[PDB]
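Coming up is one lone chain in structure tokens, specifically the form deposited in one PDB entry.
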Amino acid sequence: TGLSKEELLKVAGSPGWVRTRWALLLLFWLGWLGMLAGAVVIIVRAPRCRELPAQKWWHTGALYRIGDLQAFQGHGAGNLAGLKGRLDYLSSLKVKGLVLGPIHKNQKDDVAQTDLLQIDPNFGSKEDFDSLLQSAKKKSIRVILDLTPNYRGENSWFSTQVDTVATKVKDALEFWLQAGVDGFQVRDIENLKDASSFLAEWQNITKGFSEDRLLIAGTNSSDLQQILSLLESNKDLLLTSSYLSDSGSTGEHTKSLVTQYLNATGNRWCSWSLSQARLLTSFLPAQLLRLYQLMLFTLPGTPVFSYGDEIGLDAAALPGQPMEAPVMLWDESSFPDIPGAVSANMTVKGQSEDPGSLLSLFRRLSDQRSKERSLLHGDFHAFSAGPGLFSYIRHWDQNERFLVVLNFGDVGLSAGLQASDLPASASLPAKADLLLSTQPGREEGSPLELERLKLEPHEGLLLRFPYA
């Protein structure tokens, strides 16, 4: 081998090399100090995270109204105990609440007889309700009771004086919050005179017990003025109204309805539903159901769905079902009155194993709404659409962005996406992925151009693109 001797190296490295090492050592130390300084400078001048808004429990999923327990299960099982076996199914839908009932004792149009503190024995006993809460609580399915004083009569608030009715509601509240309910709902507040004062009082009491209790109000008015006239005093009140009841099959009109309603109220939390106690199918055709369900989940708010909506159940398309409380179809034998009148597409059993079924669309959408940060509390920005299109972006801070395009028309169009209508941090990209489409025939997970995109009639596309 070849090397320099220890004594030879000492002689060689003595005269001038010592200065070189000190200069290199000083230079390397100086570079390290500046390198650390640069990182701290970059760290200080770096964009900061946005604070989370600390969402409540009625923010991370839909609500699943249950108008009548008798028709939810059918004959021989219309009881709270029988309902306890359905919570596995509901948790598959991943709803975050049930507007159960109403179940208070009410024979017919009798103010004195009507007692909101006692459960009617037909629906079960108090122990059954308590057992229902624990199973629901263990499954994180918060139960919301309904407290409409008159549900078997024509008028929901009686034709007599309403002051005693108000006291009954307040007495029911303090009792039922003691029981352990996680909210309340009152329907048809049009017939209630000076309803703004009562709503403020009830919301005051409900929020007084805890900060995780909500009050839900429902009225059939379809114009923006009375809705605002009811929300001017109260700001933390979920109000379900027939505001979107009329469809018109026009994307521009729906775009106006949603944008104006948000603009009038600012950006407060809302609840998106087509009525108070009616299903989607009462106002829409068969081909629009897969379209509206995509719109309701992706909009900023808490979607409210009636029972039998995930399957698109209809009462006018199948005889023997009253329009108020259609019988839920659980299987081919769920309607024994008219055998052979039901199919496999109209039952939940026949749609759980079908990827293209309506229920499958519900389950994947409900999953995305319940977990993604953009859909939970992201900002909603809607830009210019086509002649009958409707599109918006769901962005939140640095998290993944979402884009949804809906074609309410019956004629194939093009995207026509226009820039200069989004903030600099939410600018659309040239290429974006594709999560799901309302109809089969599209390649999921395939990045798709955003300038030559074309819309099939009655089609809604959900697309995702991360920060740009």
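The first residue of the sequence shown is number 1, and the count goes up from there. Shifts are known only where both forms have a C-alpha. Think of the rigid core as the biggest set of C-alphas that the two forms share within 1.5 Å after superposition.
Only in words, not in the display: the form deposited with a partner chain bound, which the text now covers.
Segments offered: 193 to 201, 324 to 332, 382 to 390, 230 to 238. Contacting the partner chain in the deposited complex at heavy atom distances within 4.5 Å is 382 to 390. None of 252, 128, 188, 314 but one reaches within 4.5 angstroms of the partner chain in the deposited complex through a heavy atom, and that residue is 252.
Within this chain, residue 421 is remote from the site of the partner chain in the deposited complex, having no heavy atom within 4.5 Å. Contact between residue 429 and the partner chain in the deposited complex is not found at the 4.5 Å heavy atom cutoff.
Of the residues 113, 249, 167, 197, just one CA atom moves 2 angstroms or more between the shown form and the other one under rigid-core superposition; it belongs to 249. With the core superposed, residue 39 shows a C-alpha displacement below 2 Å between the shown form and the other one.
Core-superposed comparison between the shown form and the other one: the C-alpha position of residue 52 differs by less than 2 Å.
Relative to the superposed rigid core, residue 430 undergoes a CA displacement smaller than 2 Å between the shown form and the other one. Cα-Cα spacing of residue 251 to residue 314 is reduced in the deposited complex versus the present form (difference of at least 3 Å). Whereas the displayed form keeps them at a certain spacing, the CA atoms of residue 249 and residue 460 lie at least 3 angstroms farther apart in the deposited complex. In sequence order, the runs of at least 3 consecutive residues whose Cα atoms each shift by 2 Å or more between the shown form and the other one, relative to the superposed core, are 19 to 29, 249 to 252.
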